[PDB]
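Below is entry_14.cif, holding mmCIF, C-alpha atoms and all ligand atoms.
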```cif
data_work
#
loop_
_atom_site.label_atom_id
_atom_site.label_comp_id
_atom_site.auth_asym_id
_atom_site.auth_seq_id
_atom_site.Cartn_x
_atom_site.Cartn_y
_atom_site.Cartn_z
CA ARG O 25 0.00 0.00 0.00
CA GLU O 26 3.02 2.38 0.54
CA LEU O 27 4.23 1.52 -3.03
CA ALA O 28 0.67 2.07 -4.37
CA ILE O 29 0.47 5.59 -2.73
CA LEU O 30 3.95 6.45 -4.20
CA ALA O 31 2.99 5.19 -7.74
CA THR O 32 -0.40 7.08 -7.58
CA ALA O 33 1.36 10.33 -6.50
CA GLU O 34 4.00 10.02 -9.35
CA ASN O 35 1.12 9.38 -11.88
CA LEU O 36 -0.96 12.39 -10.69
CA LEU O 37 2.08 14.76 -10.59
CA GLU O 38 2.51 14.12 -14.40
CA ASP O 39 -1.00 15.72 -14.83
CA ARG O 40 -0.94 18.58 -12.21
CA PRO O 41 0.92 20.26 -9.31
CA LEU O 42 1.01 18.80 -5.76
CA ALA O 43 -1.19 21.80 -4.64
CA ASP O 44 -4.01 20.44 -6.94
CA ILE O 45 -3.71 16.78 -5.63
CA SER O 46 -5.68 15.96 -2.40
CA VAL O 47 -4.86 13.23 0.18
CA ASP O 48 -8.27 11.94 -1.07
CA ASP O 49 -6.94 11.69 -4.69
CA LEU O 50 -3.88 9.71 -3.39
CA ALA O 51 -5.99 7.37 -1.18
CA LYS O 52 -8.51 6.64 -4.01
CA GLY O 53 -5.67 5.91 -6.51
CA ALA O 54 -4.04 3.52 -3.97
CA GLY O 55 -7.39 1.76 -3.20
CA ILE O 56 -7.34 2.77 0.53
CA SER O 57 -9.32 5.19 2.75
CA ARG O 58 -8.09 8.62 3.79
CA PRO O 59 -7.36 7.59 7.42
CA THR O 60 -5.49 4.51 6.10
CA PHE O 61 -3.32 6.94 4.00
CA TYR O 62 -2.43 8.91 7.22
CA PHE O 63 -1.10 5.65 8.64
CA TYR O 64 1.64 5.48 5.87
CA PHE O 65 2.33 9.30 5.48
CA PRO O 66 1.55 12.42 7.56
CA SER O 67 0.89 14.60 4.43
CA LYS O 68 0.95 14.73 0.58
CA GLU O 69 4.25 16.73 1.19
CA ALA O 70 5.81 13.62 2.88
CA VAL O 71 4.80 11.53 -0.17
CA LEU O 72 6.71 13.94 -2.48
CA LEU O 73 9.76 13.88 -0.11
CA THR O 74 9.83 10.06 -0.31
CA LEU O 75 9.48 10.09 -4.18
CA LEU O 76 12.34 12.68 -4.45
CA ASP O 77 14.48 10.63 -1.98
CA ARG O 78 14.03 7.51 -4.15
CA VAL O 79 15.02 9.34 -7.43
CA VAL O 80 18.02 11.15 -5.79
CA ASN O 81 19.24 7.88 -4.27
CA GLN O 82 18.78 6.07 -7.65
CA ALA O 83 21.03 8.71 -9.32
CA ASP O 84 23.57 8.50 -6.45
CA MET O 85 23.79 4.64 -6.60
CA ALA O 86 24.13 4.78 -10.43
CA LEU O 87 27.05 7.23 -10.04
CA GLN O 88 28.67 5.03 -7.31
CA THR O 89 28.35 2.01 -9.72
CA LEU O 90 30.18 3.95 -12.47
CA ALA O 91 32.89 5.08 -9.98
CA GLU O 92 33.56 1.39 -9.00
CA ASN O 93 34.00 0.25 -12.69
CA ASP O 98 38.74 8.64 -23.23
CA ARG O 99 38.20 11.56 -20.79
CA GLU O 100 35.28 13.10 -22.79
CA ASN O 101 33.38 9.76 -22.67
CA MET O 102 34.21 9.33 -18.92
CA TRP O 103 32.49 12.71 -18.15
CA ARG O 104 29.61 12.04 -20.59
CA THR O 105 28.76 8.65 -18.94
CA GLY O 106 28.71 10.41 -15.54
CA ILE O 107 26.54 13.41 -16.60
CA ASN O 108 24.26 10.84 -18.39
CA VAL O 109 23.41 9.30 -14.96
CA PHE O 110 21.60 12.56 -14.06
CA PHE O 111 20.12 13.13 -17.57
CA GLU O 112 18.59 9.57 -17.65
CA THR O 113 17.65 9.29 -13.95
CA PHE O 114 15.94 12.70 -13.50
CA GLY O 115 14.83 12.72 -17.16
CA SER O 116 12.97 9.40 -16.54
CA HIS O 117 11.17 11.02 -13.54
CA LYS O 118 10.29 14.49 -14.90
CA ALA O 119 7.16 15.06 -12.75
CA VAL O 120 8.99 14.15 -9.48
CA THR O 121 12.01 16.33 -10.58
CA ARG O 122 9.71 19.32 -11.29
CA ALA O 123 7.65 18.97 -8.08
CA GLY O 124 10.69 18.18 -5.91
CA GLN O 125 12.54 21.29 -7.17
CA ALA O 126 9.47 23.51 -6.49
CA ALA O 127 9.15 22.01 -2.95
CA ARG O 128 12.72 23.25 -2.12
CA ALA O 129 11.10 26.70 -1.54
CA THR O 130 8.48 25.44 1.05
CA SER O 131 9.97 22.24 2.64
CA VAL O 132 13.16 22.38 4.78
CA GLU O 133 13.34 18.56 4.46
CA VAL O 134 13.34 18.77 0.61
CA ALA O 135 15.90 21.69 0.63
CA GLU O 136 18.13 19.68 3.05
CA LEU O 137 17.89 16.45 0.91
CA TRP O 138 18.80 18.40 -2.25
CA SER O 139 21.65 20.27 -0.47
CA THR O 140 23.09 17.02 1.02
CA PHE O 141 23.25 15.16 -2.32
CA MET O 142 24.52 18.24 -4.28
CA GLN O 143 27.39 18.47 -1.73
CA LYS O 144 28.18 14.75 -2.26
CA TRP O 145 28.11 15.04 -6.11
CA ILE O 146 30.29 18.22 -6.04
CA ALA O 147 32.80 16.44 -3.71
CA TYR O 148 32.90 13.45 -6.10
CA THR O 149 33.42 15.78 -9.12
CA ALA O 150 36.24 17.67 -7.32
CA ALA O 151 37.98 14.37 -6.34
CA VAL O 152 37.98 13.25 -10.02
CA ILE O 153 39.28 16.67 -11.18
CA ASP O 154 42.04 16.41 -8.49
CA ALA O 155 42.98 12.86 -9.69
CA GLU O 156 43.14 14.15 -13.33
CA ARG O 157 45.48 16.99 -12.23
CA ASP O 158 47.58 14.52 -10.12
CA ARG O 159 48.06 12.23 -13.22
CA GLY O 160 49.03 15.30 -15.39
CA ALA O 161 45.92 15.07 -17.70
CA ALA O 162 44.23 18.33 -16.42
CA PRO O 163 45.94 21.70 -15.71
CA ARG O 164 45.98 23.34 -12.25
CA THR O 165 43.60 26.29 -13.02
CA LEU O 166 40.68 27.09 -10.65
CA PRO O 167 40.31 25.49 -7.22
CA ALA O 168 38.81 22.06 -8.07
CA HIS O 169 35.97 22.36 -5.53
CA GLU O 170 34.85 25.81 -6.83
CA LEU O 171 34.93 24.59 -10.49
CA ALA O 172 32.98 21.44 -9.45
CA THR O 173 30.36 23.56 -7.61
CA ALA O 174 29.65 25.82 -10.66
CA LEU O 175 29.54 22.84 -13.10
CA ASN O 176 27.10 20.94 -10.79
CA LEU O 177 24.87 24.05 -10.41
CA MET O 178 24.99 24.54 -14.19
CA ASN O 179 23.76 20.96 -14.68
CA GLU O 180 21.01 21.35 -12.06
CA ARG O 181 19.58 24.53 -13.71
CA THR O 182 20.19 23.47 -17.35
CA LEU O 183 18.91 19.82 -17.11
CA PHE O 184 15.78 20.86 -15.16
CA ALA O 185 15.00 23.80 -17.51
CA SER O 186 15.34 21.41 -20.50
CA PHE O 187 13.08 18.74 -18.87
CA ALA O 188 10.42 21.42 -18.07
CA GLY O 189 10.64 22.94 -21.62
CA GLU O 190 11.30 26.36 -19.94
CA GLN O 191 11.86 29.46 -22.08
CA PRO O 192 14.81 29.72 -22.29
CA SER O 193 16.21 26.15 -22.31
CA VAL O 194 18.59 23.94 -24.31
CA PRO O 195 16.44 21.37 -26.19
CA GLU O 196 16.44 18.04 -24.34
CA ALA O 197 18.02 16.27 -27.39
CA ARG O 198 21.01 18.74 -27.23
CA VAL O 199 21.50 19.21 -23.45
CA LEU O 200 23.87 16.22 -22.83
CA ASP O 201 26.29 17.29 -25.60
CA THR O 202 26.09 20.94 -24.44
CA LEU O 203 27.00 20.12 -20.82
CA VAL O 204 29.72 17.61 -21.75
CA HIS O 205 31.42 20.27 -23.91
CA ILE O 206 31.46 22.86 -21.09
CA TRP O 207 32.67 20.27 -18.47
CA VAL O 208 35.52 18.96 -20.69
CA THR O 209 36.72 22.38 -21.93
CA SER O 210 36.59 23.90 -18.39
CA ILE O 211 38.34 20.89 -16.71
CA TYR O 212 41.09 20.36 -19.38
CA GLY O 213 41.37 23.92 -20.77
CA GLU O 214 44.40 26.13 -19.87
CA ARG Z 25 5.33 58.46 -2.80
CA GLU Z 26 5.84 55.67 -5.44
CA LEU Z 27 9.65 55.92 -4.85
CA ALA Z 28 9.08 55.86 -1.06
CA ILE Z 29 6.94 52.63 -1.31
CA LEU Z 30 9.68 51.02 -3.54
CA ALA Z 31 12.54 52.05 -1.12
CA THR Z 32 10.50 50.82 1.95
CA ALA Z 33 9.80 47.44 0.23
CA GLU Z 34 13.56 46.98 -0.72
CA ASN Z 35 14.54 47.85 2.93
CA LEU Z 36 12.01 45.39 4.49
CA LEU Z 37 12.92 42.55 2.04
CA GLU Z 38 16.54 42.70 3.44
CA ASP Z 39 15.01 41.71 6.86
CA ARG Z 40 12.27 39.16 5.85
CA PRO Z 41 10.31 37.50 3.00
CA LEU Z 42 7.51 39.28 1.05
CA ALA Z 43 5.00 36.84 2.75
CA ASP Z 44 5.94 38.43 6.16
CA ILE Z 45 5.58 42.10 4.90
CA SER Z 46 2.00 43.58 4.96
CA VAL Z 47 0.61 46.38 2.71
CA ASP Z 48 0.36 48.11 6.15
CA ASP Z 49 4.16 47.75 6.71
CA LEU Z 50 4.79 49.28 3.22
CA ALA Z 51 2.31 52.17 3.75
CA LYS Z 52 3.72 53.04 7.22
CA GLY Z 53 7.34 53.00 5.88
CA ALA Z 54 6.30 55.32 2.99
CA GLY Z 55 4.40 57.71 5.35
CA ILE Z 56 1.00 57.09 3.62
CA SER Z 57 -2.27 55.30 4.52
CA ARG Z 58 -3.21 51.83 3.30
CA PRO Z 59 -5.84 53.09 0.80
CA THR Z 60 -3.29 55.64 -0.50
CA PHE Z 61 -0.89 52.67 -1.12
CA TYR Z 62 -3.62 50.92 -3.25
CA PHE Z 63 -3.68 54.03 -5.43
CA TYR Z 64 0.02 53.42 -6.49
CA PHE Z 65 0.02 49.52 -6.50
CA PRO Z 66 -2.70 46.82 -6.51
CA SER Z 67 -0.66 44.47 -4.20
CA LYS Z 68 2.69 43.94 -2.38
CA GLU Z 69 3.33 41.47 -5.33
CA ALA Z 70 3.12 44.41 -7.82
CA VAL Z 71 5.68 46.32 -5.70
CA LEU Z 72 8.15 43.39 -5.99
CA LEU Z 73 7.51 43.16 -9.79
CA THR Z 74 8.39 46.87 -10.15
CA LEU Z 75 11.58 46.49 -7.98
CA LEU Z 76 12.69 43.43 -10.06
CA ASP Z 77 11.89 45.32 -13.33
CA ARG Z 78 14.11 48.22 -12.22
CA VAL Z 79 17.10 45.92 -11.30
CA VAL Z 80 16.74 43.80 -14.51
CA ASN Z 81 16.56 46.94 -16.64
CA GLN Z 82 19.59 48.44 -14.80
CA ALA Z 83 21.63 45.29 -15.68
CA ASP Z 84 20.35 45.35 -19.30
CA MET Z 85 21.25 49.07 -19.82
CA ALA Z 86 24.71 48.47 -18.25
CA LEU Z 87 25.29 45.61 -20.72
CA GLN Z 88 24.05 47.77 -23.68
CA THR Z 89 26.53 50.53 -22.55
CA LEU Z 90 29.43 48.02 -22.61
CA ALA Z 91 28.32 46.69 -26.05
CA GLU Z 92 28.42 50.29 -27.49
CA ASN Z 93 32.03 50.95 -26.21
CA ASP Z 98 41.92 40.81 -24.37
CA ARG Z 99 39.03 38.29 -24.77
CA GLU Z 100 39.16 37.09 -21.11
CA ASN Z 101 38.75 40.71 -19.86
CA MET Z 102 35.95 41.37 -22.44
CA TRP Z 103 33.90 38.45 -20.96
CA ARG Z 104 34.81 39.35 -17.35
CA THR Z 105 33.57 42.99 -17.76
CA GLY Z 106 30.28 41.63 -19.18
CA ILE Z 107 29.68 38.96 -16.46
CA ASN Z 108 30.63 41.69 -13.88
CA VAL Z 109 27.52 43.70 -14.96
CA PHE Z 110 25.34 40.92 -13.49
CA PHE Z 111 27.60 40.26 -10.45
CA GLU Z 112 27.59 44.00 -9.44
CA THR Z 113 23.99 44.83 -10.44
CA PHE Z 114 22.21 41.83 -8.82
CA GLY Z 115 24.88 41.63 -6.08
CA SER Z 116 24.06 45.27 -5.11
CA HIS Z 117 20.34 44.31 -4.83
CA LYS Z 118 20.50 40.92 -3.04
CA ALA Z 119 17.09 41.14 -1.31
CA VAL Z 120 15.25 42.05 -4.57
CA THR Z 121 17.22 39.28 -6.43
CA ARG Z 122 16.25 36.67 -3.78
CA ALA Z 123 12.57 37.72 -3.57
CA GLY Z 124 12.23 38.18 -7.35
CA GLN Z 125 13.63 34.68 -8.03
CA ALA Z 126 11.24 33.11 -5.46
CA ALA Z 127 8.27 35.01 -7.04
CA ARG Z 128 8.98 33.25 -10.42
CA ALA Z 129 7.13 30.22 -8.93
CA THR Z 130 3.88 32.19 -8.04
CA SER Z 131 3.75 35.22 -10.43
CA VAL Z 132 3.34 34.74 -14.23
CA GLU Z 133 4.37 38.42 -14.62
CA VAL Z 134 7.68 37.81 -12.74
CA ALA Z 135 8.33 34.51 -14.68
CA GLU Z 136 7.61 36.34 -17.99
CA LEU Z 137 9.93 39.32 -17.08
CA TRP Z 138 12.75 36.93 -16.14
CA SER Z 139 12.20 34.78 -19.28
CA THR Z 140 12.13 37.86 -21.60
CA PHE Z 141 15.43 39.31 -20.32
CA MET Z 142 17.19 35.87 -20.16
CA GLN Z 143 16.26 35.41 -23.86
CA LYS Z 144 17.74 38.85 -24.68
CA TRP Z 145 21.00 38.19 -22.73
CA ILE Z 146 21.38 34.70 -24.32
CA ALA Z 147 20.83 36.24 -27.82
CA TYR Z 148 23.48 38.91 -27.06
CA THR Z 149 25.94 36.22 -25.82
CA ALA Z 150 25.35 34.06 -28.93
CA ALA Z 151 25.87 37.09 -31.27
CA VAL Z 152 29.27 37.80 -29.61
CA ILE Z 153 30.28 34.10 -29.82
CA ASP Z 154 29.26 34.16 -33.55
CA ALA Z 155 31.37 37.34 -34.15
CA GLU Z 156 34.37 35.68 -32.40
CA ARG Z 157 34.01 32.59 -34.67
CA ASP Z 158 33.57 34.87 -37.77
CA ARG Z 159 36.89 36.70 -36.93
CA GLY Z 160 38.69 33.30 -36.41
CA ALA Z 161 39.30 33.83 -32.61
CA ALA Z 162 36.83 31.07 -31.42
CA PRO Z 163 36.42 27.55 -32.90
CA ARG Z 164 33.13 26.29 -34.44
CA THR Z 165 32.19 23.74 -31.69
CA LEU Z 166 28.64 23.71 -30.20
CA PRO Z 167 25.77 25.70 -31.71
CA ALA Z 168 26.42 29.23 -30.36
CA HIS Z 169 22.85 29.70 -29.08
CA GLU Z 170 22.85 26.39 -27.11
CA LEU Z 171 26.29 27.18 -25.55
CA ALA Z 172 25.04 30.71 -24.68
CA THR Z 173 21.85 29.29 -23.07
CA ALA Z 174 23.78 26.89 -20.75
CA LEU Z 175 26.37 29.57 -19.78
CA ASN Z 176 23.57 32.10 -18.98
CA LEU Z 177 21.66 29.48 -16.89
CA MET Z 178 24.92 28.59 -15.12
CA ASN Z 179 25.41 32.26 -14.19
CA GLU Z 180 21.79 32.63 -13.02
CA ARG Z 181 22.00 29.59 -10.65
CA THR Z 182 25.64 30.15 -9.54
CA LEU Z 183 25.48 33.97 -8.92
CA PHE Z 184 22.15 33.70 -7.03
CA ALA Z 185 23.32 30.71 -4.91
CA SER Z 186 26.50 32.69 -4.01
CA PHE Z 187 24.50 35.86 -3.11
CA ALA Z 188 22.11 33.78 -0.91
CA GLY Z 189 25.03 31.89 0.77
CA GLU Z 190 23.27 28.60 -0.25
CA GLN Z 191 24.86 25.25 0.61
CA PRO Z 192 26.35 24.45 -1.82
CA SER Z 193 27.64 27.71 -3.40
CA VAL Z 194 30.87 29.24 -4.74
CA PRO Z 195 31.96 31.94 -2.23
CA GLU Z 196 30.93 35.39 -3.47
CA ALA Z 197 34.62 36.53 -3.55
CA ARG Z 198 35.43 33.60 -5.97
CA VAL Z 199 32.30 33.45 -8.17
CA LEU Z 200 33.37 36.03 -10.85
CA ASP Z 201 36.71 34.26 -11.50
CA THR Z 202 34.97 30.85 -11.51
CA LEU Z 203 32.38 31.87 -14.13
CA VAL Z 204 34.89 33.76 -16.30
CA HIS Z 205 37.09 30.63 -16.46
CA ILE Z 206 34.20 28.39 -17.59
CA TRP Z 207 32.94 30.98 -20.18
CA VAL Z 208 36.42 31.53 -21.72
CA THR Z 209 37.45 27.85 -21.81
CA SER Z 210 34.05 26.75 -23.25
CA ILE Z 211 33.91 29.56 -25.89
CA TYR Z 212 37.60 29.33 -27.05
CA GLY Z 213 38.32 25.64 -26.25
CA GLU Z 214 38.54 23.04 -29.09
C1 LIG O 301 31.88 8.82 -13.91
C2 LIG O 301 32.97 9.63 -13.21
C3 LIG O 301 34.33 8.99 -13.51
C4 LIG O 301 32.88 11.07 -13.71
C5 LIG O 301 31.94 11.92 -12.89
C6 LIG O 301 30.78 12.59 -13.32
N1 LIG O 301 30.30 13.27 -12.30
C7 LIG O 301 29.23 14.04 -12.21
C8 LIG O 301 28.87 14.57 -10.99
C9 LIG O 301 27.74 15.40 -10.92
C10 LIG O 301 27.00 15.74 -12.06
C11 LIG O 301 25.82 16.58 -12.11
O1 LIG O 301 25.09 16.64 -13.16
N2 LIG O 301 25.43 17.15 -11.03
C12 LIG O 301 24.18 17.85 -10.88
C13 LIG O 301 23.03 16.90 -10.62
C14 LIG O 301 21.70 17.48 -10.93
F1 LIG O 301 21.47 18.54 -10.18
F2 LIG O 301 21.66 17.83 -12.21
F3 LIG O 301 20.70 16.60 -10.73
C15 LIG O 301 27.38 15.22 -13.26
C16 LIG O 301 28.48 14.40 -13.32
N3 LIG O 301 31.11 13.06 -11.30
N4 LIG O 301 32.09 12.25 -11.61
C1 LIG O 302 30.60 42.80 -22.88
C2 LIG O 302 30.36 41.89 -24.08
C3 LIG O 302 31.36 42.25 -25.19
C4 LIG O 302 30.51 40.45 -23.62
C5 LIG O 302 29.21 39.86 -23.10
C6 LIG O 302 28.93 39.37 -21.83
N1 LIG O 302 27.70 38.89 -21.83
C7 LIG O 302 26.99 38.33 -20.86
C8 LIG O 302 25.67 38.01 -21.08
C9 LIG O 302 24.94 37.40 -20.05
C10 LIG O 302 25.54 37.08 -18.82
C11 LIG O 302 24.89 36.46 -17.68
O1 LIG O 302 25.45 36.41 -16.53
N2 LIG O 302 23.67 36.08 -17.80
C12 LIG O 302 22.85 35.63 -16.72
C13 LIG O 302 22.25 36.79 -15.94
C14 LIG O 302 21.80 36.42 -14.57
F1 LIG O 302 20.86 35.49 -14.62
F2 LIG O 302 22.83 35.95 -13.88
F3 LIG O 302 21.32 37.47 -13.89
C15 LIG O 302 26.85 37.39 -18.62
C16 LIG O 302 27.55 37.99 -19.63
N3 LIG O 302 27.25 39.05 -23.04
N4 LIG O 302 28.11 39.65 -23.82
#
```
Take the structure in the file and write it out as structure tokens.
Ligand SMILES: CC(C)Cc1cn(-c2ccc(C(=O)NCCC(F)(F)F)cc2)nn1
Ligand SMILES: CC(C)Cc1cn(-c2ccc(C(=O)NCCC(F)(F)F)cc2)nn1
Amino acid sequence: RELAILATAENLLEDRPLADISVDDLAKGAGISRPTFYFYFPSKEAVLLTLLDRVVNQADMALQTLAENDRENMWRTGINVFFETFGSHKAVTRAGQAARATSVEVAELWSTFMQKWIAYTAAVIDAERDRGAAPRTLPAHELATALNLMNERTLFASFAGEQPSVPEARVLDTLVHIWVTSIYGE
Amino acid sequence: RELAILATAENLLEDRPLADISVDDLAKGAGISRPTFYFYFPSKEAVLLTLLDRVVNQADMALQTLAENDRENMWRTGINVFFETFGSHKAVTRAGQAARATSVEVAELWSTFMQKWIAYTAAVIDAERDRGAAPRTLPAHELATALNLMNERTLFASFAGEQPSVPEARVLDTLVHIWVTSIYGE
């Protein structure tokens, strides 16, 4: 019944914002009563937090899998984790980003994983400098932070079809170019 | 009295969110009554729209002034328009960005100027390619879009002291590096 509530919420978020979905809509989709819903989750906001947590953790585990197994392709496969994972869950990505403004739990989840992904990026940049493949230009952690924030804003604008945005079919190549030139460029 | 309402709103936004400022707070700061306020603006939301419009137009006119008068310094002076203009109006930047979620007028203002600034960036990249100084890599407009979105997310995270963020004293150098390497890099 937890999995049913989560699947119903992801389905309804494709059609409309969390504000326009009632606990009643989630209960009915999951084939349970309203008070039975409140047994699994305190709010529709908690449901969105759990959906975002699952997608964020899916991306994180995919990146850890890559890390355990040419330089342009190495960066492209890594950026592709985020493109495919968040791009396969557009409605949860869109709602989860909007909830950063109103939920400290969502803002803290997003902050915690962004810090992890920036640290991972900086560690790889440092390793590339240590092996003599990348030049010692900007502080690695500062470069990593701006490239991660670029991907966050650019991927999510593309997925939402914002004006302006890079078209979704061009966004992976666009980001890979800017990561490789900025990491290897003198 | 319009200028007084605008100055009062900018002062109070430094201390708290628009949600926690009343029309009554704005009237009292401007030395007018509540109904006199409603003569100049329909809402506290309209006041924020006007403040954002003034800051956005200040940045735009500064960039047009530059455009009318080495390549790394050329990009740095241009990015610096946004760093100094928005960085001199942090409270209006912060509130105006948050209002994109809830005001179609604010989202449309932001979209309209971002399209203009991306078009300007692409035109300069095109001119640099035409003169043989930059290589023909990504589509200029796509590269411009991602670099503009990077600056939007990275500058505003720095100004807000978000975790994560590039420190404000390092953000101009960070962005200039990624613009120059991505525009001139093979
Ligand atoms: C496979 C490795 C050898 C290379 C590798 C790629 N990395 C990486 C880290 C973060 C992001 C990113 O896109 N971060 C924002 C995530 C957001 F916000 F878009 F969801 C993209 C790529 N890190 N290491
Ligand atoms: C002086 C010229 C010869 C060079 C020049 C610089 N340009 C430029 C355009 C946009 C932005 C930017 O930062 N855009 C996001 C604005 C935001 F969102 F940060 F406020 C930064 C620099 N364009 N041309």
Within 9 Å of chain O: residues of chain Z, using all atoms listed in the file, as an MDAnalysis selection string: chainID Z and resid 126 129 139:140 142:143 146 165:167 169:171 173:175 177:182 185 190:195 198:199 201:203 205:214
Distance table requested - chain O against ligand LIG 301 (chain O), cut-off 6 Å, all atoms listed in the file: one row per qualifying residue with the closest atom pair and its distance in Å to one decimal, ordered by chain and rising residue number, as CSV.
```
residue,atom,partner,partner_atom,distance
O:90,CA,O:LIG301,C1,5.4
O:91,CA,O:LIG301,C3,5.5
O:102,CA,O:LIG301,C3,5.4
O:103,CA,O:LIG301,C4,4.7
O:105,CA,O:LIG301,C1,5.9
O:106,CA,O:LIG301,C6,3.7
O:107,CA,O:LIG301,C15,3.9
O:110,CA,O:LIG301,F3,5.3
O:145,CA,O:LIG301,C9,4.8
O:148,CA,O:LIG301,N3,5.5
O:149,CA,O:LIG301,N3,4.2
O:176,CA,O:LIG301,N2,4.1
O:179,CA,O:LIG301,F2,4.5
O:180,CA,O:LIG301,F1,3.4
O:183,CA,O:LIG301,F2,6.0
```
With distances taken over all atoms listed in the file, which of Z:132, Z:196, Z:86, Z:123 is nearest to ligand LIG 302 (chain O)? Z:86
For segment 25-37 of chain O, find every residue with an atom within 10 Å (counting only C-alpha atoms), except residues of its own chain fewer than 2 positions away, and show them as a PyMOL selection string. chain O and resi 39-47+49-56+60-61+63-65+68+71-72+74-75+117-120+122-123
Around all listed atoms of ligand LIG 302 (chain O), padded 5 Å per side, what centre and edge lengths does the axis-aligned box have in Å to one decimal, as lines of an AutoDock Vina configuration file?
```
center_x = 26.1
center_y = 39.1
center_z = -19.5
size_x = 20.5
size_y = 17.3
size_z = 21.3
```
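Nearest to ligand LIG 302 (chain O) of all the residues Z:70, Z:161, Z:79, Z:188 is Z:79, based on all atoms listed in the file.
Nearest residue to residue 187 of chain O among O:57, O:93, O:88, O:121 is O:121, counting all atoms listed in the file.
Coordinates place atom CA of residue 153 of chain Z at a distance of 10.9 Å from atom CA of residue 99 of chain Z.
Here the question is which of Z:67, Z:81, Z:116, Z:108 gets nearest to ligand LIG 302 (chain O) using only C-alpha atoms and all ligand atoms, and that residue is Z:108.
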Kindly give the distance, in Å, that separates atom CA of residue 127 of chain O and atom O1 of ligand LIG 302 (chain O), rounded to a single decimal. 25.6 Å
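Going from atom CA of residue 155 of chain O to atom CA of residue 84 of chain O covers 20.2 Å.
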Compare Z:189, Z:163, Z:66, Z:115 by their minimum atom-to-atom distance to ligand LIG 302 (chain O), counting all atoms listed in the file, and give me the closest one. Z:115
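Residue nearest ligand LIG 302 (chain O) within the list Z:73, Z:168, Z:152, Z:85: Z:152 [criterion: smallest interatomic distance, all atoms listed in the file].
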Some atoms are absent from segment 159-169 of chain Z, so rebuild N, CA, C and O atoms and return them as a PDB file, keeping the file's coordinate frame.
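Writing the result to rebuild18.pdb gives the following:
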```pdb
ATOM      1  N   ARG Z 159      35.539  36.055 -36.896  1.00  0.00           N
ATOM      2  CA  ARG Z 159      36.890  36.700 -36.930  1.00  0.00           C
ATOM      3  C   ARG Z 159      37.995  35.658 -36.744  1.00  0.00           C
ATOM      4  O   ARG Z 159      39.148  36.038 -36.849  1.00  0.00           O
ATOM      5  N   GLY Z 160      37.688  34.378 -36.516  1.00  0.00           N
ATOM      6  CA  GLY Z 160      38.690  33.300 -36.410  1.00  0.00           C
ATOM      7  C   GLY Z 160      39.282  33.153 -35.011  1.00  0.00           C
ATOM      8  O   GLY Z 160      40.193  32.371 -34.842  1.00  0.00           O
ATOM      9  N   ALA Z 161      38.779  33.870 -34.004  1.00  0.00           N
ATOM     10  CA  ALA Z 161      39.300  33.830 -32.610  1.00  0.00           C
ATOM     11  C   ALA Z 161      38.685  32.665 -31.800  1.00  0.00           C
ATOM     12  O   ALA Z 161      39.395  32.007 -31.000  1.00  0.00           O
ATOM     13  N   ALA Z 162      37.472  32.220 -32.119  1.00  0.00           N
ATOM     14  CA  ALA Z 162      36.830  31.070 -31.420  1.00  0.00           C
ATOM     15  C   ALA Z 162      36.544  29.946 -32.408  1.00  0.00           C
ATOM     16  O   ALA Z 162      36.114  30.212 -33.513  1.00  0.00           O
ATOM     17  N   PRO Z 163      36.688  28.679 -32.008  1.00  0.00           N
ATOM     18  CA  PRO Z 163      36.420  27.550 -32.900  1.00  0.00           C
ATOM     19  C   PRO Z 163      34.935  27.243 -33.068  1.00  0.00           C
ATOM     20  O   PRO Z 163      34.120  27.536 -32.147  1.00  0.00           O
ATOM     21  N   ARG Z 164      34.562  26.663 -34.211  1.00  0.00           N
ATOM     22  CA  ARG Z 164      33.130  26.290 -34.440  1.00  0.00           C
ATOM     23  C   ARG Z 164      32.847  24.955 -33.760  1.00  0.00           C
ATOM     24  O   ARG Z 164      32.958  23.915 -34.427  1.00  0.00           O
ATOM     25  N   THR Z 165      32.461  24.960 -32.483  1.00  0.00           N
ATOM     26  CA  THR Z 165      32.190  23.740 -31.690  1.00  0.00           C
ATOM     27  C   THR Z 165      30.675  23.575 -31.570  1.00  0.00           C
ATOM     28  O   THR Z 165      30.009  23.298 -32.569  1.00  0.00           O
ATOM     29  N   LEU Z 166      30.097  23.808 -30.400  1.00  0.00           N
ATOM     30  CA  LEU Z 166      28.640  23.710 -30.200  1.00  0.00           C
ATOM     31  C   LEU Z 166      27.933  24.809 -30.987  1.00  0.00           C
ATOM     32  O   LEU Z 166      28.454  25.905 -31.145  1.00  0.00           O
ATOM     33  N   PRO Z 167      26.662  24.596 -31.348  1.00  0.00           N
ATOM     34  CA  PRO Z 167      25.770  25.700 -31.710  1.00  0.00           C
ATOM     35  C   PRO Z 167      25.846  26.872 -30.703  1.00  0.00           C
ATOM     36  O   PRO Z 167      25.655  26.642 -29.471  1.00  0.00           O
ATOM     37  N   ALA Z 168      26.095  28.080 -31.215  1.00  0.00           N
ATOM     38  CA  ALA Z 168      26.420  29.230 -30.360  1.00  0.00           C
ATOM     39  C   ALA Z 168      25.254  29.471 -29.402  1.00  0.00           C
ATOM     40  O   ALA Z 168      25.508  29.895 -28.212  1.00  0.00           O
ATOM     41  N   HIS Z 169      24.016  29.338 -29.881  1.00  0.00           N
ATOM     42  CA  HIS Z 169      22.850  29.700 -29.080  1.00  0.00           C
ATOM     43  C   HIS Z 169      22.665  28.723 -27.907  1.00  0.00           C
ATOM     44  O   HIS Z 169      22.312  29.144 -26.792  1.00  0.00           O
TER      45      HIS Z 169
END
```
